[PDB]
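Student: One structure follows; several queries about it will come next.
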Amino acid sequence: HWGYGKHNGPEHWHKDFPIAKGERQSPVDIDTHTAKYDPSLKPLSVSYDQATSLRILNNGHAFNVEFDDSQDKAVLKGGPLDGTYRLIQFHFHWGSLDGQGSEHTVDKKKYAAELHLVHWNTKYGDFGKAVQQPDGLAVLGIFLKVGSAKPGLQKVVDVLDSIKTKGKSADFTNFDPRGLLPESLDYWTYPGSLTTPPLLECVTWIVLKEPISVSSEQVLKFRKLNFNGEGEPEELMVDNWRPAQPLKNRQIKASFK
Ligand SMILES: NS(=O)(=O)N=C1NCCCN1
Ligand SMILES: [Zn+2]
């Protein structure tokens, strides 16, 4: 099964998932000079005041903070999107070192990590149907740089000891994802894919320009997680990022001048 190692990592995924070489794969490098301001875009509406977090899970690839998506409670609207997208989970990608870890890059710069808030289009009724559609998902991507601590991340960091290994989960109610957002909602957007198998080409990506700052100690605790299950030899969960993929026939649009 797929992973991030030399024998099962990104260069191998195309054998089981041929769409890995498709026309709208993610992530990509965002060339800031080539992206074009689009005055047709609207501000992003991020409405997370009623979000209901439930659980945090180590799935062997990353950890997911899961939300109750049985009602419009935490939704993304506006920007490039038509209609309403419900938050289902967020997770991160990160490196073994502070100079790598993001999936998207900005003028080839790698950030220490990247947060993905995953939302599905409510017109398709749930997530499994949404992933079969070209406009099924919207992923809000936020870069993490190492600097000052992000207070709203600390509850996540402090629960990681309890989900060290693959398949472990813990209650994670009453978490407010508003505390993971930067001040500005300026963004880039393009049509892409999931960055993990099955790599489905269902995503409108919305990548914020402003990174959030996290402390070195916060990201160090991400790097103490394990890819392996309990009782198995320890494999640190680091470098769980897919590199940039060919842009092919796409244009990245900017919401800002
Ligand atoms: N990293 S990612 O693009 O968000 N890929 C995902 N794969 C499975 C479903 C949700 N997300
Ligand atoms: Zn992701």
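Each chain of the structure tokens is named A, B, ... in the order shown, its residues numbered from 1; ligands are numbered from 1 in display order.
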How would you write, as a PyMOL selection string, the set of residues no farther than 10 Å from ligand 1 when counting only C-alpha atoms and all ligand atoms?

Tutor: chain A and resi 25-27+61-62+64+88-93+103+114-120+127-128+131+137-141+192-203+205+240-242

Student: Which one is closest to ligand 2: A:110, A:224, A:12, A:104? Count only C-alpha atoms and all ligand atoms.

Tutor: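 For ligand 2, the nearest of the given residues is A:104.
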
Student: Check which residues of stretch 39-158 of chain A sit at most 8 Å from stretch 166-179 of chain A using only C-alpha atoms, and return one row each with the closest pair of atoms and their distance in Å to one decimal, ordered by chain and rising number, as JSON lines.

Tutor:
{"residue": "A:48", "atom": "CA", "partner": "A:178", "partner_atom": "CA", "distance": 6.3}
{"residue": "A:49", "atom": "CA", "partner": "A:178", "partner_atom": "CA", "distance": 7.6}
{"residue": "A:51", "atom": "CA", "partner": "A:176", "partner_atom": "CA", "distance": 6.9}
{"residue": "A:52", "atom": "CA", "partner": "A:174", "partner_atom": "CA", "distance": 6.5}
{"residue": "A:53", "atom": "CA", "partner": "A:173", "partner_atom": "CA", "distance": 4.9}
{"residue": "A:54", "atom": "CA", "partner": "A:173", "partner_atom": "CA", "distance": 4.6}
{"residue": "A:55", "atom": "CA", "partner": "A:172", "partner_atom": "CA", "distance": 4.2}
{"residue": "A:56", "atom": "CA", "partner": "A:170", "partner_atom": "CA", "distance": 5.4}
{"residue": "A:57", "atom": "CA", "partner": "A:169", "partner_atom": "CA", "distance": 4.2}
{"residue": "A:58", "atom": "CA", "partner": "A:166", "partner_atom": "CA", "distance": 5.2}
{"residue": "A:59", "atom": "CA", "partner": "A:166", "partner_atom": "CA", "distance": 5.3}
{"residue": "A:60", "atom": "CA", "partner": "A:166", "partner_atom": "CA", "distance": 4.4}
{"residue": "A:65", "atom": "CA", "partner": "A:172", "partner_atom": "CA", "distance": 7.4}
{"residue": "A:151", "atom": "CA", "partner": "A:179", "partner_atom": "CA", "distance": 7.4}
{"residue": "A:152", "atom": "CA", "partner": "A:179", "partner_atom": "CA", "distance": 4.4}
{"residue": "A:153", "atom": "CA", "partner": "A:179", "partner_atom": "CA", "distance": 7.1}
{"residue": "A:155", "atom": "CA", "partner": "A:175", "partner_atom": "CA", "distance": 7.8}

Student: For residue A:148, which residue out of A:211, A:231, A:5, A:43 is the nearest one, using only C-alpha atoms?

Tutor: A:211

Student: Pick the closest to ligand 2 from A:80, A:102, A:146, A:69: which is it, counting only C-alpha atoms and all ligand atoms?

Tutor: A:102

Student: Could you name the residues that touch residue A:37 at 10 Å or less, counting only C-alpha atoms, but leaving out those on the same chain fewer than 5 positions away, as a PyMOL selection string?

Tutor: chain A and resi 188+252-257

Student: Generate a file of the selected residues that holds N, CA, C and O atoms, formatted as a PDB file, in the first residue's frame.

Tutor:
ATOM      1  N   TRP A 188      -4.671  32.379  -3.727  1.00  0.00           N
ATOM      2  CA  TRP A 188      -4.551  31.896  -5.089  1.00  0.00           C
ATOM      3  C   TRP A 188      -5.518  30.723  -5.252  1.00  0.00           C
ATOM      4  O   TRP A 188      -5.774  29.970  -4.307  1.00  0.00           O
ATOM      5  N   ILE A 252      -3.310  29.788 -12.628  1.00  0.00           N
ATOM      6  CA  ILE A 252      -3.536  30.119 -11.228  1.00  0.00           C
ATOM      7  C   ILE A 252      -4.003  31.569 -11.141  1.00  0.00           C
ATOM      8  O   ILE A 252      -3.363  32.459 -11.775  1.00  0.00           O
ATOM      9  N   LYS A 253      -5.128  31.764 -10.474  1.00  0.00           N
ATOM     10  CA  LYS A 253      -5.693  33.096 -10.329  1.00  0.00           C
ATOM     11  C   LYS A 253      -5.440  33.621  -8.916  1.00  0.00           C
ATOM     12  O   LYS A 253      -5.468  32.849  -7.966  1.00  0.00           O
ATOM     13  N   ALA A 254      -5.212  34.942  -8.807  1.00  0.00           N
ATOM     14  CA  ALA A 254      -5.006  35.613  -7.540  1.00  0.00           C
ATOM     15  C   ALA A 254      -6.213  36.470  -7.207  1.00  0.00           C
ATOM     16  O   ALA A 254      -6.808  37.123  -8.073  1.00  0.00           O
ATOM     17  N   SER A 255      -6.576  36.484  -5.909  1.00  0.00           N
ATOM     18  CA  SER A 255      -7.719  37.283  -5.473  1.00  0.00           C
ATOM     19  C   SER A 255      -7.335  38.732  -5.166  1.00  0.00           C
ATOM     20  O   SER A 255      -8.218  39.523  -4.831  1.00  0.00           O
ATOM     21  N   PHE A 256      -6.042  39.023  -5.262  1.00  0.00           N
ATOM     22  CA  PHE A 256      -5.459  40.280  -4.747  1.00  0.00           C
ATOM     23  C   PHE A 256      -4.582  40.846  -5.840  1.00  0.00           C
ATOM     24  O   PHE A 256      -4.046  40.092  -6.647  1.00  0.00           O
ATOM     25  N   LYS A 257      -4.508  42.169  -5.835  1.00  0.00           N
ATOM     26  CA  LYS A 257      -3.701  43.002  -6.737  1.00  0.00           C
ATOM     27  C   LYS A 257      -2.355  43.306  -6.098  1.00  0.00           C
ATOM     28  O   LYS A 257      -1.849  42.787  -5.100  1.00  0.00           O
TER      29      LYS A 257
END

Student: Quick one: distance from atom CA of residue A:97 to atom CA of residue A:112 in Å, one decimal?

Tutor: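 Atom CA of residue A:112 lies at a distance of 7.2 Å from atom CA of residue A:97.
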
Student: Quick one: DSSP strand (DSSP E) residues in stretch 153-191 of chain A, as a ChimeraX atom specification?

Tutor: /A:169-171,187-191

Student: Separation of atom CA of residue A:85 and atom CA of residue A:10, in Å?

Tutor: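 Going from atom CA of residue A:85 over to atom CA of residue A:10, I get 28.2 Å.
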
Student: For residue A:247, please output as a CSV table (one decimal) with N, CA, C and O atoms, in the first residue's frame all residues within 8 Å (counting only C-alpha atoms; exclusion window: fewer than 5 positions along the same chain).

Tutor:
chain,number,residue,atom,x,y,z
A,24,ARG,N,-4.8,17.4,-14.1
A,24,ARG,CA,-5.0,18.5,-13.1
A,24,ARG,C,-4.6,17.9,-11.8
A,24,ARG,O,-5.4,18.0,-10.8
A,25,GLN,N,-3.3,17.5,-11.7
A,25,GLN,CA,-2.8,17.0,-10.4
A,25,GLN,C,-2.3,18.1,-9.5
A,25,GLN,O,-1.8,19.2,-9.9
A,28,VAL,N,1.0,22.1,-6.9
A,28,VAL,CA,1.8,22.7,-7.9
A,28,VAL,C,2.6,23.8,-7.3
A,28,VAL,O,2.4,24.2,-6.1
A,29,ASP,N,3.7,24.3,-8.0
A,29,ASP,CA,4.3,25.5,-7.7
A,29,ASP,C,3.5,26.7,-8.1
A,29,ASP,O,2.9,26.7,-9.2

Student: Tell me which of A:207, A:159, A:149, A:41 sits closest to ligand 2, counting only C-alpha atoms and all ligand atoms.

Tutor: A:207

Student: Just the helix (DSSP H, G or I) stuff from stretch 24-217 of chain A, please, per backbone DSSP, written as a VMD selection string.

Tutor: chain A and resid 122 to 124 127 to 130 151 to 163 177 to 180 216 to 217

Student: Write out as a ChimeraX atom specification which residues come within 6 Å of residue A:95 when counting only C-alpha atoms, dropping same-chain ones fewer than 2 positions away.

Tutor: /A:97,100-101,238-239

Student: Could you take the residues named above and write them with N, CA and C atoms, as a PDB file, in the first residue's frame?

Tutor:
ATOM      1  N   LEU A  97      12.646  18.509   8.424  1.00  0.00           N
ATOM      2  CA  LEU A  97      13.457  19.708   8.631  1.00  0.00           C
ATOM      3  C   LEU A  97      12.591  20.911   8.362  1.00  0.00           C
ATOM      4  N   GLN A 100      11.476  22.113   4.605  1.00  0.00           N
ATOM      5  CA  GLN A 100      10.623  21.392   3.668  1.00  0.00           C
ATOM      6  C   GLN A 100       9.411  20.912   4.437  1.00  0.00           C
ATOM      7  N   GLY A 101       8.376  20.507   3.674  1.00  0.00           N
ATOM      8  CA  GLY A 101       7.169  19.991   4.280  1.00  0.00           C
ATOM      9  C   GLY A 101       5.893  20.392   3.579  1.00  0.00           C
ATOM     10  N   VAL A 238       7.251  11.862   9.143  1.00  0.00           N
ATOM     11  CA  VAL A 238       7.890  13.062   8.626  1.00  0.00           C
ATOM     12  C   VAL A 238       7.915  12.951   7.092  1.00  0.00           C
ATOM     13  N   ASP A 239       7.955  14.134   6.438  1.00  0.00           N
ATOM     14  CA  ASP A 239       8.070  14.139   4.988  1.00  0.00           C
ATOM     15  C   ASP A 239       6.909  13.423   4.303  1.00  0.00           C
TER      16      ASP A 239
END
